[PDB]
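These notes concern the structure reproduced below.
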Amino acid sequence: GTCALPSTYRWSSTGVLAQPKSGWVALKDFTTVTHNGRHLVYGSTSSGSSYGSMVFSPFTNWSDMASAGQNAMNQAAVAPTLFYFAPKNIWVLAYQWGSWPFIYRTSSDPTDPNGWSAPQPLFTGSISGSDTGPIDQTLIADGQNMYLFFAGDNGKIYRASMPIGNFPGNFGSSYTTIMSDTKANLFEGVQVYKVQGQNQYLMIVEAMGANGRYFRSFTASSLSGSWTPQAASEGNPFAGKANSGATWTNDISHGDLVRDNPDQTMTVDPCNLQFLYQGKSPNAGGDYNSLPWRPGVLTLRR
Ligand SMILES: OC[C@@H]1O[C@H](O)[C@H](O)[C@H]1O
Ligand SMILES: [Ca+2]
Ligand SMILES: [Cl-]
């Protein structure tokens, strides 16, 4: 009863799933788990003049995201990563912009935007040739090691690791540069997942295409291994204008595959693959920071 990832992706898409509550112009950079049978979603927020973060009140159906409470975090967790860390029975929210290049907080109740612990350092390193520095971290463990992957708005993807026994903890300053391409080809929004029922991991990376933001996919047999391009061009993307089935947006941008198992392995089921993404009206212009990003969900077609 196991499925494989396809070599060519075709999706259907929802429309816009929610409008930002009064005071925000955008909801962004989603991370999501299923928690007690309900979708639990964190994301960045923007007023146009500053970035923050929020959690949606848990909801069973994506069609009900529009009515879900939108709960601001009192301390911003921009571009967050949410997961349950089973070896220490603790939830983790990792993010950027704070006292360190990457930061994390922990909790016993991930539904509370303000129940998170004091911030701790996740990563303290620096990268060359980047206007942003380290951006858009994700975390993923196999059975042995916890990995940090991140981007730099600069065509590179970076990786760090520690024994899982040492997590939650600080990766420190060291990293490996694992991919190098043009800025457009490997820009930001990197995510890594375990493919359930396959000896395979999936990496997606947001690229800047001629027609809008899209995702390029890569596979590996191991988290410390080499990545092989899978659906890695604008014409044959993991997800983009070419194959999203979305009419409301020409951009498929920073989000999260839907993770039914909330744990640190970031496992996705290739039999029922779905993608919570940010998109925007093709008509929306102005400064990047004020763009009206909105949540949508792609469902992989049989
Ligand atoms: O939303 C803040 C930054 O903008 C981009 O969406 C990037 O992915 C994120 O780190
Ligand atoms: Ca992310
Ligand atoms: Cl490493």
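For reference, positions follow the sequence shown, starting with 1. Ligands are counted one by one from 1 in listed order, and the atoms in each one are counted from 1 as well. Below, all heavy atoms of this structure are taken into account, side chains as well, without hydrogens, waters or symmetry copies.
- Taking every non-hydrogen atom of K28 and a distance limit under 4.0 Å, the qualifying atoms of ligand 1 come out as 1 (O), 2 (C), 4 (O), 5 (C), 6 (O).
- Here the heavy atom of the protein found nearest to atom 2 (C) of ligand 1 is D29 OD2, 3.4 Å.
- For atom 5 (C) of ligand 1, the closest heavy atom belonging to the protein is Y288 OH, 3.1 Å.
- The part of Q96 lying near ligand 1 is the side chain, judged by heavy-atom distances below 4.0 Å.
- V205 places none of its side-chain heavy atoms less than 4.5 Å from the side chain of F215.
- The shortest side-chain heavy-atom distance between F59 and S67 does not fall under the 4.5 Å cut-off.
- At a threshold of 4.5 Å between non-hydrogen side-chain atoms, the residues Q230 and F218 do not count as touching.
- Proximity of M203 to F149: side-chain heavy atoms (C-beta onward) are separated by under 4.5 Å at one or more points.
- For ligand 1, the atoms closer than 4.0 angstrom to any heavy atom of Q278 are 6 (O).
- The side-chain contact (heavy atoms from CB on, under 4.5 Å) with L273 is formed by just one residue from the set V258, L257, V195; it is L257.
- Within ligand 1, counting atoms from 1 as listed, the ones closer than 4.0 Å to a heavy atom of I135 are 10 (O).
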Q196 and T267: CA distance, side-chain angles, deciding distance, side-chain hydrogen bond (donor to acceptor under 3.5 Å, both in side chains) verdict: CA-CA 6 Å; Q196 190 174 69; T267 298; 5.9 Å; no
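- Residues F167 and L122 form a side-chain contact, since some pair of their non-hydrogen atoms from C-beta on lies under 4.5 Å apart.
- When non-hydrogen atoms are compared, ligand 1 lies under 4.0 Å from neither the backbone nor the side chain of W293.
- Of all the heavy atoms of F187, none lies under 4.0 Å from any atom of ligand 1, so neither backbone nor side chain is involved.
- When only non-hydrogen protein atoms are considered, atom 9 (C) of ligand 1 lies nearest to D136 OD1, 3.4 Å.
- Here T138 does not reach the Ca ion (ligand 2): none of its N/O/S atoms is less than 3.0 Å from the metal.
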